[PDB]
Structures are given as C-alpha cells and as structure tokens.
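> pasting the structure only:
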C-alpha cells in the first residue's frame, strides 16, 4: 500500500493535516529509503521532509510514526556527511535522545541506531551528541543485571553506537565521556556474543590509539587479560580488533607493555605471526616491533617464548609490508638488546633474509636494515668476531648489495653502506 | 574496523 511511492506523493501525504495520511506517507518514505538499490536520499532532503520527520519523532501518541520517521532519518543519516548534516540541522539529535526513553524497544533501538550514524560521521557530531547528553540514557539502556536478557540485535546496536562514541581522534573523545563509558565497555567485553565482543574490542582499540594517558585509562580498568584471551579467539572478527588494541597498548610505556606481557600475550604470537591473514601477521609483527623496542628483560621474554625464529620466518617469506615491520622489529631488538641477545639473533638465521631484503625498492627498509647491521657489527666488536660476521654477510651475497648501495640516491643509505664497507669489509 | 554508518534495509 505504501510501496514504490513517488516523492511527490509522499510530500502530499506529509503536508496533509491527517495524522494517518502522514503515517502512510512516512512509511512510504521509509520503504523508499530502505529498499531502493540506490535510495533517493538527496531528493527526500530537497523536498524539505527532514524537519517534518523530526517533528514526527515527538508524537508520543503515535508510536508508529515515531518508528517510521526514526527509520527514515536513520537511513538519511547513514549517507554522506552532507546528508547526516541535513539530519542534524533539523534538530534530530535531541529528539532521538528523548526517544531513547521510549517504552517501545524497537523505537528505542532505532534511536540508538540513528545516534550511532550521527556520531559515526566524525568527531564534531560525536562531541555534539555527547553534549546533548546521550551517554547517560544509552548506558541506562544497558543497566541490567545480566546482558543475556536483552535482545541480541538490541545489544549489538547499542554496542556499535557506543563504539562510535569512542571513535575518531582529532579531537579525541572527551575524557569524562571515556571514563563514563569504559565500565560498560568492559562488561560488554565479557559478553558471549561475537559481534558484541568485536565491537567492544574495536571501541577499546579506538580508546588505546593515542597518548599514553588514554592507554593508562584502559589498562587501569584491567582489560588487558581479557584482550589477550580474545586474541586467542578462533574468529578473526574478534582477533583483529583485539590485536589492534594490544599493539596500541604496547606503543605506550614499558610498564603498560609489561602488563601485556604478563597477561600472556606472547604465547599467542606463534599463531599470529604465522596467521594465514596478511593483516593479522602485519599487525602482530608491528606489535612485536614495539615490544622489541622495550627493555632488555622484555626482549628476553620475547626470546624465551621462542619468537625470534618466527620473526626470522616473517623476514624470509611474507608480504613486503609485514617484512618491513619485521625489519623494524629487528632494528629495535639490536638497538636495545644485549650482546647475548644479538648473538642469539644471528644464530637463529637473521643475516641471510635481512640481506635479501636489501634488494628492495624502499629507502626506509634499507636504512632500517643497515642500522640493524651496524648494531650487530658493534656487538661483534665487543667479542672480536667482526670477521666471522663479515664472512657470513659475504657468503649470503650481502656484500654485493651493500656495495651497490654505496651508490644510492639517499644520502644516509650510501653513507651507512660506505661506513660498513670500509669499517668492516 | 566496523562501518561508521549503517543503512537499515
């Protein structure tokens, strides 16, 4: 009855003074915005229908028109930044926040969804949704003794919207809002639904991406053990966000990194560093590079878990981006490690793959590798074995590459290669 | 990363 309407018919119905005609026209608009392969959002906006839908949001006595207008506005707010801006300019934020308290769960869910889209536009609309006071009601919707009593889709939408209120970082979310949301996020992080877990881990990864004080908030809530556990998950939708969060945390201080190590994260990296998905491997190698840049006892915990052979493996066969992250890990390890640890690195077979990566067309990997070389050589001089290492770099065919690097565009490259070719070779 | 915006079909 309201399927395949024209925008002109929808306007005639909404401009009538008949609440039921307006309801049917709004349902027609919703169906047009929720089914058409390319919904006509721009024409709906041009017709001036957003203010009318926003007004319908406030019709407590006609819950159906509330629901239909909320759905239509949700779908308009799901488009371009300009269309979301059109929804916001109609006054929709406070109306949806008021609707969060509806006695009807489908309407409350639709309001949560609309606010999720609005906040997902970016930091400005996120902060505006927060200023209108959405966090209190949203969290009130989860103030139940057991989350399992809530409908799966309801909880999933609430979790995703909260994750969007934690998203984007220029500016980052207000600190008071983060402190107010984090407890509920931990509670969701201990829920059994995989979608809730994935979205909550993504929220944590948002909140851990930035300065060490934000990381300290998250780590003070005591979530690192659960993040490691989820790192062990069988579902990549759960392992990917968890790995992002752990890597972010290890970009912080050595003590936050130590919190990760203590939770048992390293035991998971033999799988992650051999994972069939390139992204998991790359982000695990980046996490490893931020761990090997830590203290010598943390490098020693990397060694004790048997992860140096896996780094050699990644450096030997992997996607080039993963291989570059591995080169970074090696240079950090050599820069901060003892002589015993660097000797162990050489004994594990680092030299040949490190050499083979000097045939690449990226200046930064070349610099990183040559610095790793200088460090390994410096450790060799403390033992008087620099000649052994030079012979080893010659048998793998590396001196030829360093010699060709003697004539390289970038200055640092040829300076480093000349210092090595002259000082050690 | 989850989609920032979602249409309800």
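In hand now; what should we look at? Numbers count the residues shown, from 1 in each chain, chains lettered A, B, ... in the order given.
> make it CA atoms for all contacts and neighbour counts henceforth
Noted.
> check contacts around residue A:70.
The neighbours of residue A:70, taking CA atoms under 8 Å, 6 or more residues apart in numbering or on different chains as the test, are A:53, A:54, A:57, A:96, A:107, A:110, A:111, A:114.
> same deal with residue A:240?
Residues near residue A:240 by CA under 8 Å, 6+ apart: A:231, A:280.
> repeat for residue B:9
Counting by CA under 8 Å, 6+ apart, the residues that residue B:9 touches are A:34, A:35.
> so how far is chain B from the closest residue to residue A:65 other than its chain neighbours?
Nearest non-adjacent residue to residue A:65, counting by CA to CA, 6 or more residues apart in numbering or on different chains: residue A:23, 5.3 Å away. Residue A:23 sits 19 Å away from chain B, going by CA to the nearest CA, to the nearest Å.
> surely residue A:23 touches residue A:66?
No: judged on CA atoms under 8 Å, residue A:23 makes no contact with residue A:66 at a distance of 9.0 Å.
> circling back to that earlier point, check contacts around the residue nearest to residue A:65.
The contact partners of residue A:23, by CA under 8 Å, 6+ apart, come to A:14, A:64, A:65, A:68.
> residues of chain B that sit close to chain A?
Within chain B, the positions near chain A by CA under 8 Å from any CA of the partner chain are B:1, B:2, B:4, B:5, B:6, B:7, B:8, B:9.
> filter those residues to the buried ones?
Neighbour counting by 16 or more other CA atoms under 10 Å in any protein chain shown classes B:4, B:5, B:6, B:7 among those as buried.
> what's the most distant pair in these?
B:4 and B:7 (10.5 Å; CA to CA).
> can you list the contacts of residue A:70 in CSV and add distance to residue A:321 and neighbour count?
Below are the contacts of residue A:70 laid out as CSV (distance: CA to CA, whole Å; neighbours: other CA atoms under 10 Å in any protein chain shown):
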residue, distance to residue A:321, neighbour count
A:53, 48, 25
A:54, 48, 23
A:57, 49, 26
A:96, 44, 27
A:107, 46, 25
A:110, 41, 26
A:111, 41, 32
A:114, 38, 32
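> those residues also near chain B: which ones?
Counting by CA under 8 Å from any CA, no member of those is near chain B.
> need those in JSON lines with secondary structure, can you?
JSON lines is the format used below for the contacts of residue A:70 (DSSP: H, G, I helix; E, B strand; the rest coil):
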{"residue": "A:53", "secondary structure": "helix"}
{"residue": "A:54", "secondary structure": "helix"}
{"residue": "A:57", "secondary structure": "helix"}
{"residue": "A:96", "secondary structure": "helix"}
{"residue": "A:107", "secondary structure": "helix"}
{"residue": "A:110", "secondary structure": "helix"}
{"residue": "A:111", "secondary structure": "helix"}
{"residue": "A:114", "secondary structure": "helix"}
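> does residue A:334 count as helix, strand or coil?
helix.
> hmm, it is touching residue A:378, no?
No: judged on CA under 8 Å, residue A:334 makes no contact with residue A:378 at a distance of 9.7 Å.
> which bits of chain A sit near chain B?
So chain A meets chain B at A:34-35, A:71, A:74-75, A:77-79, A:116-118, A:120-121, A:164, A:199, A:202, A:241 (CA under 8 Å from any CA).
> swap the cut-off to 7 Å and go again
Within chain A, the residues that sit near chain B (CA under 7 Å from any CA of the partner chain) are A:34, A:35, A:75, A:78, A:117, A:120, A:121, A:164, A:202.
> what's the farthest-apart pair in those?
Spatial extent of the residues of chain A next to chain B (CA to CA) is set by the pair A:35 and A:202 at 29.1 Å.
> so between the two, which is more surrounded?
Using other CA atoms under 10 Å in any protein chain shown as the criterion, residue A:35 and residue A:202 rank with residue A:202 on top: 27 against 14.
> surely the more buried one meets residue A:239?
No: with contact defined as CA atoms under 7 Å, residue A:202 does not reach residue A:239; the gap is 10.3 Å.
> contact partners of the helix ranked longest in chain A?
Assignment by DSSP state H gives helix A:363-383 as the longest helix of chain A. With contact meaning CA atoms under 7 Å, 6 or more residues apart in numbering or on different chains, helix A:363-383 is reached by A:324, A:327-328, A:330-331, A:334-335, A:339, A:342, A:354, A:358, A:386, A:413, A:416.
> that helix: what's the following helix or strand?
Sequence-wise, the next helix or strand downstream of helix A:363-383 (DSSP states H and E) is helix A:386-395.
> of the buried ones among the residues of chain B next to chain A, closest to residue A:46?
When these are compared for distance to residue A:46 (CA to CA), residue B:7 wins out at 19.5 Å.
> quick one, phi/psi of the closest one?
Main-chain torsions, residue B:7, degrees, to the nearest 10: phi -80, psi 140.
> hmm, it is touching residue A:76, no?
No: using CA under 7 Å, residue B:7 makes no contact with residue A:76, being 8.2 Å away.
> so the residue nearest to residue A:65, which state does it fall into?
Here residue A:23 is recorded as helix under three-state DSSP.
> what of the one 5 residues further on?
Look at residue A:28: counting by three-state DSSP, its state is helix.
> contacts only, for it.
A:2, A:3, A:5, A:10.
> what do you get for residue A:134?
residue A:97.
> for it, give its distance to chain B.
18 Å.
> same question for residue A:310.
Between residue A:310 and chain B the computed distance is 27 Å (CA to the nearest CA).
> list of residues touching the helix or strand encompassing that residue?
Element membership of residue A:310 [criterion: DSSP H and E] is helix A:308-316. Applying CA under 7 Å, 6+ apart, the contact partners of helix A:308-316 are A:270, A:273, A:323, A:326, A:345, A:348, A:349, A:350, A:353, A:354.
> what about it, distance to the chain center?
25 Å (CA atoms, centre = their mean, to the nearest Å).
> list the buried residues of that helix.
Neighbour-count burial for helix A:308-316 flags A:308, A:309, A:310, A:311, A:312, A:313, A:314, A:315, A:316 (criterion: 16+ other CA under 10 Å).
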